[PDB]
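Visitor: Let me give you the structure first, and then I'll get to my questions.
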Amino acid sequence: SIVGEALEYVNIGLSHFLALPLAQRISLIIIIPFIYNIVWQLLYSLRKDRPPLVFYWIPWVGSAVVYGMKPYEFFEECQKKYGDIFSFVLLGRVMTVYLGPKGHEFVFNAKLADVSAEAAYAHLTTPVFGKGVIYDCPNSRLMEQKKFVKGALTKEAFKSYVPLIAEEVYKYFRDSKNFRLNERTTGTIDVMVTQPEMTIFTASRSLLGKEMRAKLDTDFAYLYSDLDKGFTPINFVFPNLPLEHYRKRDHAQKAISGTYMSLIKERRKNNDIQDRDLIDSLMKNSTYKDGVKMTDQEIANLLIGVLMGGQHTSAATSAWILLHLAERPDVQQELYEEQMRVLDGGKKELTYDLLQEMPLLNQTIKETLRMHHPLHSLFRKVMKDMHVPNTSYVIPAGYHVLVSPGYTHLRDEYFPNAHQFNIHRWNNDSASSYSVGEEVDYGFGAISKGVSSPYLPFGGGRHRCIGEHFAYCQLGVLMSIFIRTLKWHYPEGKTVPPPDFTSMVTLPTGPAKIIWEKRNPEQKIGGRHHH
Ligand SMILES: CC[C@@H](C)n1ncn(-c2ccc(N3CCN(c4ccc(OC[C@H]5CO[C@](Cn6cncn6)(c6ccc(Cl)cc6Cl)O5)cc4)CC3)cc2)c1=O
Ligand code: HEM
């Protein structure tokens with residue numbers, strides 16, 4: 001028995017491999033991990049304690065392209081092939097999707113030790129907002145921060161915000177070049193241009209106050225734009241690749257946080273701390289339960305986080321509302337009648353209380369959030385091995401879980417004629433969200449314990465949104481004034497555009513233009529201006 005000869009030929013063979021043409025070796029450097037990846041999947045496909053894994057040809061990339069461009073179609077095909085639980089590789093990571101209310105339950109109500117949101121999100125958010133807040137702190141710090149922010153989002157705060165938001169909308173109609181209602185009776189706008197502006201203007205004025213709003217009338221506004229461009233999906237993958245807009249992002253957050261800090265310190269020095277805005281509120285109520293106070297820098301950062309949170313979700317949403325109503329003059333008509341009924345033909349001034357008596361307007365917001373969940377995919381990093389009840393499936397630590405209530409929003413099974421815009425599906429159910437059972441408190445107020453609602457635009461569990469009532473307040477005022485003031489429709493041959501799933505939120509694909517017309521051509525908006 002002499003296999004020794006063969007053992008020699010192993011060594012000889014490696015040496016020959018080392019000698020190969022400098023190009024052929026490169027080609028091997030491609031084909032070998034290519035083949036390994038394929039064999040690996042086939043091997044993986046034999047495991048019974050793993051959810052099925054979506055096949056992919058290109059290593060590391062995985063299903064990035066198809067998921068990135070059309071995640072709901074991707075999910076539907078996957079669901080057809082595998083059912084509700086399945087995995088797919090995404091830019092070096094394994095994402096395990098759990099579709100439907102069970103998935104909502106599995107991810108949003110996961111134990112604190114099983115999953116981490118901050119491990120999923122911090123490397124995008126921390127550079128944008130700053131240190132020590134949101135996802136750059138332990139979850140218990142986040143919980144209290146959310147408690148602090150909620151303390152400025154009370155009914156009394158909303159009562160005070162409504163005239164301020166209304167004033168901003170009217171000023172925008174008066175002064176913005178997109179409108180100029182005192183000099184033009186009709187015009188064309190791109191809602192992806194107007195809505196982000198109206199959003200930052202109304203959220204600035206109400207949450208941050210008059211000074212900070214006033215700063216947006218200057219080239220300081222460009223910092224917000226710079227900051228905004230650091231809030232993009234690529235920063236999930238590549239958080240710190242050296243380029244110009246990364247530096248501009250960092251500079252922006254320093255500059256903006258600096259401006260907030262400047263105002264905070266001035267207010268403290270002057271004993272000018274009232275109950276006007278979120279800044280006042282946080283200055284008065286910013287101490288953790290262990291007695292550590294948030295620093296002025298952390299307060300500033302938290303303000304950035306909060307304004308950024310409401311910015312894209314709300315802007316995308318009012319864009320979609322305008323776009324759906326543009327081909328539904330019947331709905332604009334019905335909403336107008338409700339406006340005339342509730343505001344006494346317009347001789348009642350809009351208030352927060354009267355907003356609560358506009359069920360069809362609120363249903364319109366609700367239905368838009370059903371058809372256009374701003375965030376098509378929410379993530380968590382799995383921290384401990386997770387057994388999927390009731391299967392043999394185990395989700396290993398190091399995986400990520402992906403939940404998508406927005407996908408369920410669009411399933412006929414849970415919403416008949418799901419692809420039809422029908423505000424009347426919410427008749428006698430016009431509230432932003434409804435807890436169908438018992439409640440629980442994670443630190444920022446009692447919220448629904450079960451997260452099995454097929455409708456979940458604000459998510460649930462410990463990471464649940466706290467801006468929902470502010471968003472309804474802002475969208476409410478905004479659409480109330482739009483409706484009473486204007487009618488609008490599409491250019492010929494235009495209709496509702498498809499979503500752009502590649503950005504941070506599911507905003508419409510641009511340009512998304514509508515034509516407005518004044519209901520009262522001779523109506524003038526008062527106040528001083530220089531145009
Ligand atoms: C480039 C190649 C191409 C083919 N490709 N390949 C893949 N993709 C892709 C994949 C996925 C996605 N995304 C879209 C964005 N999405 C996402 C974005 C934000 C997000 O936020 C969750 C947390 C953090 O931010 C906020 C958002 N928010 C909540 N309420 C208001 N805003 C948040 C929470 C708290 C605070 Cl204070 C601020 C903020 Cl912003 O919630 C979660 C998911 C993930 C999937 C985009 C592109 C591509 O485009
Ligand atoms: C209608 C618009 C909005 C929608 C659809 C929306 C959606 C959501 C969703 C789905 C979550 C859960 C995130 C997750 O589980 O990963 C969330 C969380 C949150 N939202 Fe919003 N949101 C909206 C507006 C706002 C506004 C106006 C604010 C600020 C006032 C805000 C601040 C937050 C915060 C602070 C969180 C906490 C995230 C966490 O705890 O990890 N949102 N939002």
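Start at 1 and count along the chain as shown; that gives each residue its number.
In case you wondered, yes, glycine gets a Cβ from its N, Cα and C as well.
What Swiss-Prot records for this protein is below:
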TRANSMEM  16-36  transmembrane segment
CROSSLNK  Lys111  ubiquitin cross-link
BINDING   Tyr121  lanosterol binding site
BINDING   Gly309  itraconazole binding site
CROSSLNK  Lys348  ubiquitin cross-link
CROSSLNK  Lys449  ubiquitin cross-link
MOD_RES   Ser453  phosphoserine
BINDING   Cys465  heme binding site
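What the PDB entry shows for this protein is this:
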SEQADV    526-531  expression tag
Visitor: Considering Cα atoms only, can you say which of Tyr121, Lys348, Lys449, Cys465 is the nearest neighbour of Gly309 (itraconazole binding site) among these recorded positions?
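Guide: If we rank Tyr121, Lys348, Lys449, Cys465 by Cα distance to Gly309 (itraconazole binding site), first place goes to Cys465.
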Visitor: Of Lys111, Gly309, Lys348, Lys449, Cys465, which recorded positions come close to ligand 2, meaning Cβ under 6 Å from one of its atoms?
Guide: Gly309, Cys465
Visitor: By CA-CA distance, flag whichever of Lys348, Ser453, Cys465 among the recorded positions is nearest to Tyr121 (lanosterol binding site).
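Guide: Nearest in space to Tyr121 (lanosterol binding site), counting only the recorded positions, is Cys465.
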Visitor: Give the distance between the Cα atoms of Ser453 (phosphoserine) and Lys111 (ubiquitin cross-link), rounded to the nearest whole Å.
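Guide: Cα-Cα, rounded: 19 Å.
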Visitor: So, by DSSP, how many helix, strand and coil residues make up the expression tag (526-531)?
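Guide: Helix, strand, coil within the expression tag (526-531): 0 helix, 0 strand, 6 coil.
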Visitor: If I take the alpha carbons of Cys465 (heme binding site) and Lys449 (ubiquitin cross-link), what is the distance between them in whole Å?
Guide: 14
Visitor: With the Cβ under 6 Å from ligand 1 as the test, give me the qualifying entries from the recorded positions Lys111, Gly309, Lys348, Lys449, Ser453.
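Guide: Within range of ligand 1: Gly309.
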Visitor: Taking the Cα atoms as reference points, how far is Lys348 (ubiquitin cross-link) from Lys449 (ubiquitin cross-link) in Å?
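Guide: Here the two Cα atoms are 39 Å apart.
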Visitor: Count the Cβ atoms, other than its own, that fall within 10 Å of the Cβ of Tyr121 (lanosterol binding site), considering every protein chain shown.
Guide: 19
Visitor: Sequence gap of 6 or more, Cβ distance under 8 Å: name the residues on the same chain that satisfy this around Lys449 (ubiquitin cross-link), in order along the sequence.
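Guide: Set apart from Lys449 (ubiquitin cross-link) by at least 6 residues yet with Cβ under 8 Å, we have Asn109, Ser435, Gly437, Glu438, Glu439, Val440.
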Visitor: For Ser453 (phosphoserine), what is the tally of other C-beta atoms lying within 10 angstroms of its C-beta?
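Guide: Taking every protein chain into account, the count is 19.
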Visitor: Taking the Cβ of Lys348 (ubiquitin cross-link) as the centre, how many other Cβ atoms fall within a 10 Å radius?
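Guide: A 10 Å sphere around the Cβ of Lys348 (ubiquitin cross-link) contains 10 other Cβ atoms.
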